[PDB]
Amino acid sequence: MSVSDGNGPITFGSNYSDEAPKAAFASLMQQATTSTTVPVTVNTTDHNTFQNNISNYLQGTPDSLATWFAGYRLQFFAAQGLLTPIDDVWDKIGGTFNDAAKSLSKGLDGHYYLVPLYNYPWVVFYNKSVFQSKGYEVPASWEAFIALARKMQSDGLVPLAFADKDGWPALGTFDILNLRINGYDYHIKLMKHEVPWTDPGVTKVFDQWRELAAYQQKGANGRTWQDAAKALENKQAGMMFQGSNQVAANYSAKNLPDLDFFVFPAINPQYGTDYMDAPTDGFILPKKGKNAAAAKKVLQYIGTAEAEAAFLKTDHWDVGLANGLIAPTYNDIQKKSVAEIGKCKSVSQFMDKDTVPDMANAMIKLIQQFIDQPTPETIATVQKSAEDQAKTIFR
C-alpha cells in the first residue's frame, strides 16, 4: 500500500514514561493525528521496561510504530528482520537531514529504519567570562589544548573538572579519544567486537589518556559528575567534558548565561573533529506492527523541522536533527549544539548504545582501574580483561 494510501488507526509504543516527555509526545501525536488524519493511539510503557523488553516486544505483537534510538540494537533488529524498511518515507523527508543523520538512520543493507527526532552533544564546557578575563582561546588542536591546560594550571585552575564515581562519565573520554585517534569506523568495529580490546588501537587511546590525565582533576573515582560541574560553575576548574544535558543542566539560571562549549580538540588531520557522541532518539516501524502504510504517513510528519520544534518546546538541552534548524525556544547551548553537531561527518551514540549494555557495564570498572593507575602495566591488564569479558559477552 502506498504511503499516501495509508489510513486508519495506528498504535505507538512509547518509552516516554516521565511526565514531561510523556506530555510532549502526547501533544505531538495529537497534532500528527489532526494533520495526517491517521488517528494515533499512544501506548506508554515504563522507560526501562520498554528497553529491557524490546526484543520480545518486537517478536510478539508490537505497535505500528515505536520509540527507539540509533546504535547497536537498531542495526541488530534490522538484520533480524524485525523492522520494516522506510526508504519510501525517506524519499519524502530526506531533503531535511544531513548525511550523518541519514547514516545513523540506516542499516548496513543501505535501507532506512529510523526517523530521528533529537540528540545532544558530548563537548568541552567552559565559562566565557574566564576565557575572556584570563586570555584563553578555544583550542582546535591537541598542541593548543595541552598548552592551554598548562596555562590554566599556571593560573591556579584545575584544567578539566573530572569525575567517575558514577561509572559512565569516563566512557565518554574513551569514546572521544578513540574517535579522534582511530576514527569512527574503528570505534564502531571495537564496539561490535569485530576488533578485540587487545588491539594496538586501544593501547593508543590509553596512551594518549596518560597525557590527558595529567590535566584531569585528581580523585575522580570518588567524585560525582555534579560535583565536577559545580567546580566548573564555581570557577575552580577551567573546563569540563560531558553531555550538555548534564553539565549545562546542572548550572544555576544565574550562571547559565556564562556557559559555552567547544568540541574536543583534533588530534590528527585524518579524523580532525569529524566525530562526536550525540545520543540520538527517534522512531522505528516494527515489522509485526499493524497498518504499516498509515504508520509511514505518521513517520513522514515526524521527520520535519516543524515536529522537532513542537516536541522540543519544553526540552532545554535536546536539539532537532533537521538541517540547521534553530527553534525559537532554544537557549544558547542548544543553538551552538545545532551548529557543532551539524558539522559532524558521523555521530556516535555513546558507548552504552554503540556496544551492548553488558560490555559497556564491563568497561566501567576497567576504566576506573585505569584512572587510578594509568600505567602501561595497567593498560595491558585492562585490555586483557576487557577482551576476556568480551569473549564471553559476544556470542
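Run the numbers on the chain and let me know its relative contact order in percent, using alpha-carbon pairs under 8 Å that are six or more apart.
29 percent
Dipole magnitude of the chain about its Cα centre, charges +1 at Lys/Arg Cβ and -1 at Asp/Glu Cβ only, in debye to the nearest 20?
80 debye
List the pair-distance distribution P(r) of region 258-395, using every Cα-Cα distance, as the percent of pairs falling in each 10 Å bin from 0 up to the bin containing the longest distance, rounded to whole percents.
Whole-percent P(r) values from 0 Å outward: 10, 25, 30, 23, 12, 1.
Please report the Cα spread of region 199-341 along all three principal axes, rounded to whole Å, starting with the longest.
Taking max minus min along each principal axis of the Cα atoms, region 199-341 gives 56, 46, 31 Å.
Who wins for biggest fluctuation among 81, 135, 238 in a Gaussian network model of the chain, springs between alpha carbons below 10 Å?
The residue with the greatest mean-square fluctuation here is 135.
Taking springs between alpha-carbon atoms closer than 10 angstrom, which of 47, 193, 316 fluctuates most in the Gaussian network model of the chain?
Per the Cα network of the chain with a 10 Å cutoff, 47 tops the list.
What residues have an amide H closer than 5 Å to that of residue 83, excluding those fewer than 5 places away on the same chain, when H is modeled at 1.01 Å from N in the peptide plane?
When sequence neighbours closer than 5 places are left aside, the close amide H contacts are 287.
Provide, for q = 0.11, 0.12, 0.14 Å⁻¹, the log10 of I(q)/I(0) from a solvent-free Debye sum over equal Cα point scatterers in the chain.
So the normalised log intensities work out to -0.81, -0.96, -1.25.
If you plug each phi of region 148-159 into the Karplus form 6.51 cos²θ - 1.76 cosθ + 1.60 with θ = phi - 60°, what whole-Hz ³J(HN,Hα) values come out, in order, with x for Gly and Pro?
Ordered by residue, 3J(HN,Hα) equals 5, 5, 5, 5, 4, 4, 4, 8, x, 10, 6, x Hz.
Specify the residue with the greatest mean-square fluctuation among 45, 198, 355, computed from a Gaussian network of the chain linking alpha-carbon atoms under 10 Å apart.
Taking springs between Cα atoms under 10 Å, the residue moving most is 45.
Dimensions of region 1-78 along principal axes (Cα, Å, largest first)?
33, 32, 21
With the Cα gyration tensor of region 236-283 in hand, give its eigenvalues times 5 under a square root as the equivalent ellipsoid semi-axes, listed largest first in whole angstrom.
After scaling each eigenvalue by five and taking roots: 24, 18, 8 Å.
To make sure I understand, if each residue's beta carbon is the centre and we count other beta carbons within 10 Å, what order do 395, 223, 210 fall in, fewest to most?
Going from least to most buried by this count: 395, 210, 223.
Only counting other Cβ atoms within 10 Å, I'd like 308, 211 sorted with the fewest neighbours first. Could the numbers behind the result be given before it?
Numbers: 308 22, 211 12.
Arranged by neighbour count, lowest to highest, 308, 211 become 211, 308.
Could you tell me which of 275, 263, 292 has its Cα farthest along the dipole of region 251-295 towards the positive end, charges placed at Cβ (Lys, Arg +1; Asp, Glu -1), taken about the Cα centre?
Ranked along the dipole, the leading option is 292.
Take every Cα-Cα pair in region 179-277 and report what % of them are more than 18 Å apart.
59 percent
Around residue 13, which amide H atoms from residues at least 5 apart in sequence, or from another chain, sit under 5 Å from its own amide H, with H modelled in the peptide plane?
43, 63, 64, 65, 66, 67
Cα-Cα pairs above 19 Å in region 1-145: how many percent? It would help to have the intermediate numbers written out before the result.
Numbers: 6762 of 10440 pairs.
Tail of the P(r) past 19 Å holds 65 percent of the pairs.
Dimensions of region 82-134 along principal axes (Cα, Å, largest first)?
For region 82-134, the Cα spread along each principal axis is 54, 23, 15 Å.
Once you list every other residue whose beta carbon is under 12 Å from the beta carbon of residue 36, what net charge do they have if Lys and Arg are +1 and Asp and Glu are -1?
Result for the neighbourhood of residue 36: +2.
Let me know the shape class of region 100-255, please: from the alpha-carbon gyration tensor, a ≥ b ≥ c as square roots of the eigenvalues, rounded when a/c is under 1.5, otherwise prolate if a/b is greater than b/c, or oblate.
Details: a/c = 1.98, a/b = 1.51, b/c = 1.31.
Prolate, because a/c is 1.5 or more and a/b exceeds b/c.
I want the local charge near residue 74. Using Cβ-Cβ distances under 12 Å, sum +1 for each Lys or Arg and -1 for each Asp or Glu among the other residues. Please list the in-between numbers first.
On the way: positive: 73, 106, 353; negative: 281, 354.
Local net charge: +1.
Cβ coordinates were reconstructed from backbone atoms using ideal geometry, including for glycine residues, and neighbour counts include every protein chain displayed. Just so you know, all these numbers are worked out from the coordinates, no wet-lab data involved.
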